[PDB]
């Protein structure tokens, strides 16, 4: 089975519009959360979000962007960054059956699904809907809207698994390299940010509502007074590449993907069981002969979710004390984009030798006692890092990344 490495990355997130800005935010413990007039005006109780702070006007050519929802826009910009960061030019990656793309979103486009129905019900009917709603709203919009303009000839599809979406995309890309079917797979995802999608999470009671006056304090994973997650949007993309192919072209290699876990709880629809996460982490660690130095936890800042993951980590590691932090306390939860963005934060920590802080822990939850939860930026030579993602439906993904 071939070895898979990451040779490029790109990111558009609430804490930065490229990897340099994101790195600076992670080192400073900077929050990307702001007050949202749009969420408040819609009638929601949660008035905070992790928004992308970027004017995208004119960044994508008309013939390409006409098909795109915001998830695809964020993923496209992330892929442009990742292509450049990998040192790839069109002769190498375009029109190439050995080069593929696996990238998804959690929910397609709620905004454009609602637009289509609103337009259809207005006075102009079909003539108001226009011809571009399907590619904006379909679940595979992110892969379709990127594979076509980047002239991808290899694999082309989306994986969707709620908040594990883009972690499974990366793992599936790794499997394509392992099977020898592709030399390069671009993997990642995107997610739009809008009241159309956010209001259904508020209706479940899943979003933070008690910190609207202090938006940077609302996302507070492992804090005793956490009250739900803060919704976010953005995109990310990594270049997954076969090792000998990368070495032969003198690529820059961030890390090898040495473990990929994917499991299922088979239990509760909206709360993790813990048991599936234990198996997922153990699967991703199988055969890895170095300790996990740092774990980026899923850590959403919900009452129910945070304690279940802490218990799973304690069961997996027991004595050993991997450093742990939840970057969502800074970034919010970007849903289908979370897996790839958190893989990227972990790769930046590995590449630049530091642990990002778990912020806003004013009173540590009693269930977190004994764990090495890092609350201040800490320089450290890391070798092996792990990132967890979990989604509704009891779906779990874990990635383990290691220096070469």
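Positions refer to the first chain, counted from 1. Here the rigid core means the biggest group of C-alpha atoms that line up within 1.5 Å when the two forms are laid on top of each other.
J.: What stretch shows more C-alpha movement in 8 other deposited structures of this protein relative to this form, 140 to 148 or 321 to 329, after the core is superposed?
T.: Between 140 to 148 and 321 to 329, the one lying farther away in 8 other deposited structures of this protein is 321 to 329.
J.: For the higher mean C-alpha B factor in the entry, choose 89 to 97 or 162 to 170.
T.: The stretch with the larger mean CA B-factor is 89 to 97.
J.: Is the mean CA B factor in the deposited entry higher across 269 to 277 or across 199 to 207?
T.: Between 199 to 207 and 269 to 277, it is 269 to 277 that shows the higher mean C-alpha B-factor.
J.: Based on the PDB record, which member of 310, 146, 243, 82 exhibits the highest Cα temperature factor?
T.: The C-alpha B-factor peaks, among 310, 146, 243, 82, at 310.
J.: Highest Cα temperature factor in the entry, among the options 286, 153, 252, 333: which one is it?
T.: Comparing C-alpha B-factors across 286, 153, 252, 333, the top value belongs to 286.
J.: Sorting the chain's modelled residues by C-alpha B-factor, tell me whether residue 403 ends up in the lowest, middle or highest third.
T.: Answer is middle: the recorded C-alpha B-factor places it there.
J.: Sorting the chain's CA B-factors, does residue 259 end up in the lowest, middle or highest third?
T.: According to the entry, residue 259 has a C-alpha B-factor in the chain's middle third.
J.: Sorting the chain's CA B-factors, does residue 339 end up in the lowest, middle or highest third?
T.: Bottom third by C-alpha B-factor.
J.: Looking at the C-alpha B-factor of residue 110, is it in the lowest, middle or highest third of its chain?
T.: Ranked within chain, residue 110 CA B lands in the middle tercile.
J.: Lowest, middle or highest third: which one holds residue 78 when the chain's residues are ordered by CA B-factor from the entry?
T.: It belongs to the lowest third of the chain when residues are ordered by C-alpha B-factor.
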